[PDB]
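Just below is one structure, and these are the notes that go with it.
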Amino acid sequence: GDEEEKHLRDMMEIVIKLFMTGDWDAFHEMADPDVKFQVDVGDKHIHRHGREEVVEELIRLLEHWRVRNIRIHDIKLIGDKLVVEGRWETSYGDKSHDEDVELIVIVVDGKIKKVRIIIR
Amino acid sequence: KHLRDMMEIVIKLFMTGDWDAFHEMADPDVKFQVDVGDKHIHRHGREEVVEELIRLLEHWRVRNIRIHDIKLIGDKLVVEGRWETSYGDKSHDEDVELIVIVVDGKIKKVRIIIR
């Protein structure tokens, strides 16, 4: 009962974020009110909490790279955790800003409770 | 367990930008079926299936994908759901059933049924 429901929720998260175009505008409707967000960009490490703080920060992150989607290289599903290794799908005219990215998404009770993004 | 996660990870190669991940996992004799009312598409062979996915999945504009049921029965995974397909402005929602059979770690059959 509770297990399959959690798995149905995980799959719906994957298709919205990394399949159904970008649809990262829909991140607000799937984010837990107390969602955590930490960005690792080199030696700068950002930490945000709360749905509004996270959405505003994530939107700025996507604006700096002009992210449309994530060209996925590998994905692992570990219980309630999504682990993605990939490369940016940007709107630039070439590959100048397609930096490698790792994304970790924790799903709790059908809502995204934690997002981690590491860019090298 | 691992079998459930492995079968689920396999399905998530429907969404890797390119069909490089499906190609390395597909059995060379993989079957592909798409049943949409009267139109029945049937492709057999790893090369023939990928060319069908290029012509099919790309121009298909899927939105609001909802998962209603997931069942793991041995080597077969059955997913039932609902998405919003569109042609231009016109759009409608329809029920979809995804069936994928993995034989010895390789994708042997992929069937998509749309009521």
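Just remember, in the structure tokens the first chain shown is A, the second B, etc., residues are 1-based per chain, and ligands are 1-based in the order shown.
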- prompt: chain A residues within 7 Å of chain B, counting only C-alpha atoms: which ones, as number ranges by chain?
  reply: A: 8, 12, 18-20, 71-73, 75-77
Give me a file of those residues, with N, CA, C and O atoms, as a compact mmCIF listing (two decimals), in the first residue's frame.
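Output file part.txt follows:
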```
# COMPACT_ATOMS: atom_id res chain seq x y z
N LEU A 8 5.09 5.20 -7.14
CA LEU A 8 4.35 5.97 -8.14
C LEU A 8 4.71 7.44 -8.08
O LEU A 8 4.82 8.11 -9.11
N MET A 12 6.66 9.86 -11.05
CA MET A 12 6.07 11.12 -11.51
C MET A 12 7.03 12.29 -11.33
O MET A 12 6.99 13.25 -12.11
N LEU A 18 13.08 15.51 -15.54
CA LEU A 18 14.11 15.10 -16.48
C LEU A 18 13.55 14.52 -17.78
O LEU A 18 14.32 13.98 -18.58
N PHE A 19 12.25 14.62 -18.01
CA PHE A 19 11.64 14.13 -19.25
C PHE A 19 10.71 15.18 -19.83
O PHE A 19 11.06 15.86 -20.80
N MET A 20 9.50 15.28 -19.28
CA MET A 20 8.50 16.24 -19.71
C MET A 20 9.11 17.63 -19.85
O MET A 20 9.14 18.39 -18.87
N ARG A 71 20.72 16.48 -20.00
CA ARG A 71 21.15 15.32 -20.77
C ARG A 71 21.70 14.26 -19.82
O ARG A 71 22.81 14.40 -19.30
N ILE A 72 20.92 13.21 -19.59
CA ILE A 72 21.20 12.25 -18.53
C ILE A 72 22.22 11.23 -19.01
O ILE A 72 22.09 10.67 -20.10
N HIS A 73 23.23 10.97 -18.18
CA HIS A 73 24.22 9.93 -18.42
C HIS A 73 23.94 8.66 -17.63
O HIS A 73 24.06 7.56 -18.17
N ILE A 75 21.42 7.14 -14.00
CA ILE A 75 20.45 7.38 -12.94
C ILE A 75 20.37 6.14 -12.06
O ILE A 75 20.34 5.01 -12.55
N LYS A 76 20.34 6.36 -10.75
CA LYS A 76 20.16 5.30 -9.77
C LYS A 76 19.01 5.66 -8.85
O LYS A 76 18.92 6.80 -8.38
N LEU A 77 18.12 4.69 -8.61
CA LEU A 77 16.99 4.87 -7.71
C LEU A 77 17.26 4.07 -6.44
O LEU A 77 17.28 2.84 -6.47
```
field: Nearby residues (only C-alpha atoms) at most 12 Å from residue B:73, same-chain spacing under 6 positions excluded, as a VMD selection string
entry: chain B and resid 3 to 4 7 79 99 to 102
Would you mind exporting the chosen residues as a PDB file, in the first residue's frame, restricted to N, CA and C atoms?
```
ATOM      1  N   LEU B   3      15.808  -6.027  -7.992  1.00  0.00           N
ATOM      2  CA  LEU B   3      15.095  -6.298  -9.237  1.00  0.00           C
ATOM      3  C   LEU B   3      14.099  -5.190  -9.553  1.00  0.00           C
ATOM      4  N   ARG B   4      13.349  -4.739  -8.547  1.00  0.00           N
ATOM      5  CA  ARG B   4      12.396  -3.656  -8.761  1.00  0.00           C
ATOM      6  C   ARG B   4      13.107  -2.382  -9.199  1.00  0.00           C
ATOM      7  N   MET B   7      14.577  -2.711 -12.801  1.00  0.00           N
ATOM      8  CA  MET B   7      13.555  -2.587 -13.835  1.00  0.00           C
ATOM      9  C   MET B   7      13.076  -1.147 -13.964  1.00  0.00           C
ATOM     10  N   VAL B  79       3.223  -0.772 -16.206  1.00  0.00           N
ATOM     11  CA  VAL B  79       2.951   0.569 -15.705  1.00  0.00           C
ATOM     12  C   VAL B  79       1.695   1.087 -16.389  1.00  0.00           C
ATOM     13  N   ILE B  99       4.327  -1.707 -20.903  1.00  0.00           N
ATOM     14  CA  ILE B  99       4.737  -3.065 -20.567  1.00  0.00           C
ATOM     15  C   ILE B  99       6.136  -3.287 -21.118  1.00  0.00           C
ATOM     16  N   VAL B 100       7.057  -3.699 -20.252  1.00  0.00           N
ATOM     17  CA  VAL B 100       8.443  -3.937 -20.630  1.00  0.00           C
ATOM     18  C   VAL B 100       8.893  -5.253 -20.015  1.00  0.00           C
ATOM     19  N   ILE B 101       9.408  -6.148 -20.853  1.00  0.00           N
ATOM     20  CA  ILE B 101       9.892  -7.457 -20.431  1.00  0.00           C
ATOM     21  C   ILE B 101      11.398  -7.496 -20.640  1.00  0.00           C
ATOM     22  N   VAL B 102      12.132  -7.835 -19.585  1.00  0.00           N
ATOM     23  CA  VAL B 102      13.589  -7.883 -19.615  1.00  0.00           C
ATOM     24  C   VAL B 102      14.021  -9.330 -19.431  1.00  0.00           C
TER      25      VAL B 102
END
```
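Computed from the coordinates, the atom CA of residue B:27 to atom CA of residue B:96 distance equals 23.8 Å.
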field: All helix (DSSP H, G or I) positions in chain B, as a ChimeraX atom specification
entry: /B:2-14,20-25,46-57
Kindly save the residues from that selection, with N, CA and C atoms included, as a compact mmCIF listing (two decimals), in the first residue's frame.
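Wrote it out as part25.txt, contents follow:
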```
# COMPACT_ATOMS: atom_id res chain seq x y z
N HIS B 2 16.42 -5.13 -5.41
CA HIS B 2 17.25 -4.71 -6.52
C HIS B 2 16.53 -4.91 -7.85
N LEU B 3 15.81 -6.03 -7.99
CA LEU B 3 15.10 -6.30 -9.24
C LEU B 3 14.10 -5.19 -9.55
N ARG B 4 13.35 -4.74 -8.55
CA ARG B 4 12.40 -3.66 -8.76
C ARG B 4 13.11 -2.38 -9.20
N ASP B 5 14.16 -1.99 -8.47
CA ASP B 5 14.88 -0.77 -8.82
C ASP B 5 15.54 -0.89 -10.19
N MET B 6 16.11 -2.05 -10.50
CA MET B 6 16.75 -2.23 -11.80
C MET B 6 15.75 -2.08 -12.94
N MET B 7 14.58 -2.71 -12.80
CA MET B 7 13.55 -2.59 -13.84
C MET B 7 13.08 -1.15 -13.96
N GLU B 8 12.98 -0.43 -12.84
CA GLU B 8 12.56 0.96 -12.89
C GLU B 8 13.62 1.85 -13.52
N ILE B 9 14.89 1.63 -13.16
CA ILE B 9 15.97 2.39 -13.78
C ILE B 9 15.97 2.16 -15.28
N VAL B 10 15.72 0.91 -15.71
CA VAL B 10 15.67 0.58 -17.13
C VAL B 10 14.62 1.43 -17.84
N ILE B 11 13.46 1.61 -17.22
CA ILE B 11 12.40 2.39 -17.85
C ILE B 11 12.81 3.85 -17.99
N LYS B 12 13.54 4.37 -17.01
CA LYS B 12 13.94 5.77 -17.03
C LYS B 12 14.94 6.09 -18.14
N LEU B 13 15.32 5.11 -18.96
CA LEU B 13 16.08 5.39 -20.17
C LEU B 13 15.18 5.77 -21.35
N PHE B 14 13.88 5.98 -21.09
CA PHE B 14 12.99 6.68 -22.01
C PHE B 14 13.26 8.18 -22.06
N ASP B 20 20.98 6.39 -26.85
CA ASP B 20 22.21 5.64 -26.63
C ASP B 20 22.07 4.66 -25.47
N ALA B 21 21.23 4.98 -24.49
CA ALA B 21 21.07 4.10 -23.33
C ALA B 21 20.11 2.95 -23.62
N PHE B 22 19.08 3.18 -24.44
CA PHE B 22 18.20 2.09 -24.83
C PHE B 22 18.92 1.11 -25.76
N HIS B 23 19.82 1.61 -26.60
CA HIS B 23 20.50 0.75 -27.56
C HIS B 23 21.41 -0.25 -26.86
N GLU B 24 22.12 0.19 -25.82
CA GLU B 24 23.03 -0.70 -25.12
C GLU B 24 22.30 -1.71 -24.25
N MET B 25 21.03 -1.47 -23.93
CA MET B 25 20.25 -2.37 -23.09
C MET B 25 19.30 -3.26 -23.87
N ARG B 46 16.77 -4.44 -32.83
CA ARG B 46 17.25 -3.29 -32.07
C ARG B 46 17.37 -2.06 -32.96
N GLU B 47 17.81 -2.24 -34.21
CA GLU B 47 17.95 -1.10 -35.11
C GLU B 47 16.59 -0.57 -35.54
N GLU B 48 15.67 -1.46 -35.89
CA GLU B 48 14.35 -1.02 -36.35
C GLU B 48 13.55 -0.37 -35.24
N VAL B 49 13.78 -0.77 -33.98
CA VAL B 49 13.02 -0.20 -32.87
C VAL B 49 13.47 1.23 -32.58
N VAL B 50 14.79 1.47 -32.61
CA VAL B 50 15.30 2.81 -32.32
C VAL B 50 14.81 3.81 -33.35
N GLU B 51 14.78 3.41 -34.63
CA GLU B 51 14.29 4.32 -35.66
C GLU B 51 12.80 4.60 -35.50
N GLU B 52 12.06 3.67 -34.88
CA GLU B 52 10.66 3.94 -34.59
C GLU B 52 10.52 4.93 -33.44
N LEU B 53 11.39 4.80 -32.43
CA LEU B 53 11.36 5.73 -31.30
C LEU B 53 11.72 7.15 -31.74
N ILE B 54 12.67 7.27 -32.67
CA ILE B 54 13.05 8.59 -33.18
C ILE B 54 11.87 9.25 -33.88
N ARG B 55 11.16 8.49 -34.71
CA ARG B 55 10.03 9.05 -35.44
C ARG B 55 8.82 9.26 -34.54
N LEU B 56 8.68 8.46 -33.48
CA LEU B 56 7.49 8.48 -32.64
C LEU B 56 7.63 9.43 -31.45
N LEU B 57 8.61 9.16 -30.58
CA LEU B 57 8.68 9.86 -29.30
C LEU B 57 9.00 11.34 -29.47
```
query: Which residues in chain B does DSSP call strand (DSSP E)? List them as JSON, numbers by chain.
result: {"B": [26, 27, 28, 29, 30, 31, 32, 33, 34, 35, 36, 39, 40, 41, 42, 43, 44, 61, 62, 63, 64, 65, 66, 67, 68, 69, 70, 71, 72, 73, 76, 77, 78, 79, 80, 81, 82, 83, 84, 85, 86, 87, 90, 91, 92, 93, 94, 95, 96, 97, 98, 99, 100, 101, 102, 103, 106, 107, 108, 109, 110, 111, 112, 113, 114]}
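With atom CA of residue B:84 on one side and atom CA of residue A:5 on the other, the separation reads 21.2 Å.
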field: Straight-line distance linking atom CA of residue A:35 with atom CA of residue A:51, stated in Å to one decimal
entry: 5.7 Å
- prompt: Using only C-alpha atoms, which residues sit within 9 Å of stretch 89-105 of chain A once same-chain residues fewer than 3 positions away are excluded, as a count of residues only?
  reply: 24
message: Please list as a ChimeraX atom specification every residue within 9 Å of residue A:30, counting only C-alpha atoms and excluding residues in the same chain fewer than 5 positions away.
response: /A:13,110-112
field: Exercise: residue B:33 partners within 6 Å, only C-alpha atoms, chain neighbours under 2 positions left out, as a PyMOL selection string
entry: chain B and resi 41-42+111
Could you write out that same residue set with C-alpha atoms as a PDB file, in the first residue's frame?
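Dumped to part34.pdb:
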```pdb
ATOM      1  CA  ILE B  41       2.801  -0.461 -34.867  1.00  0.00           C
ATOM      2  CA  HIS B  42       5.083  -3.507 -34.699  1.00  0.00           C
ATOM      3  CA  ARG B 111       4.484  -2.483 -25.645  1.00  0.00           C
TER       4      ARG B 111
END
```
